[PDB]
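This document opens with one chain alone, in structure tokens, the form solved without 5-methoxy-1,3-benzothiazol-2-amine (NZ1).
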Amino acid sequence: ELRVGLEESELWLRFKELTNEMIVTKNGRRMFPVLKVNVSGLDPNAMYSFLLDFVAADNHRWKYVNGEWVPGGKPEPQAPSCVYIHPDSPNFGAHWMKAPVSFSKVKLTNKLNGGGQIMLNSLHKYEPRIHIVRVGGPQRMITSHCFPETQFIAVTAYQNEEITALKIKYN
């Protein structure tokens, strides 16, 4: 059985209990914490690409009102985010299983842009998701996994100073 686990869940949960925020910029900002995933049960000899996307967790716009995040009343359907291909892709199962798979180079933007960067809507809430795609073999297969612990709201600047403090303390 293919097993997907979150590395450093301890720390993600401190961010989540405060409501996590991730900065987006026109050029694209790297994430902290970085999503790092433990994977076991791949075929060491099979070929895989690791893909990352962001599910809109709800259909609403969020605002930080009197020290508290609150959703708008006017949902709109959220078109799915673009997919980020891990730079190590494509690679053997052994490669992916020898150390946590770290998405350190993904950049989150608010503007449709050249390449690499993933465009999110500011003040929407997102749930990171990976796809593990068996490639080059005869039998294409996909395994997907969500990480509720890594939910955040996309912001152009931090609203909750308790987030600002955690980000610095642990970077």
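Don't overthink the numbering: it's just position in the shown sequence, from 1.
Beyond what is shown, the protein has a form deposited with 5-methoxy-1,3-benzothiazol-2-amine (NZ1) bound; the following relates to that form.
Contact check for residue 120: a heavy atom falls within 4.5 Å of 5-methoxy-1,3-benzothiazol-2-amine (NZ1) in the deposited bound form. For the chain shown alone, residue 79 is a contact residue for 5-methoxy-1,3-benzothiazol-2-amine (NZ1) in the deposited bound form, at least one non-hydrogen atom being within 4.5 angstroms. Residues from 123 to 155 that approach 5-methoxy-1,3-benzothiazol-2-amine (NZ1) in the deposited bound form with a non-hydrogen atom within 4.5 Å are limited to 126.
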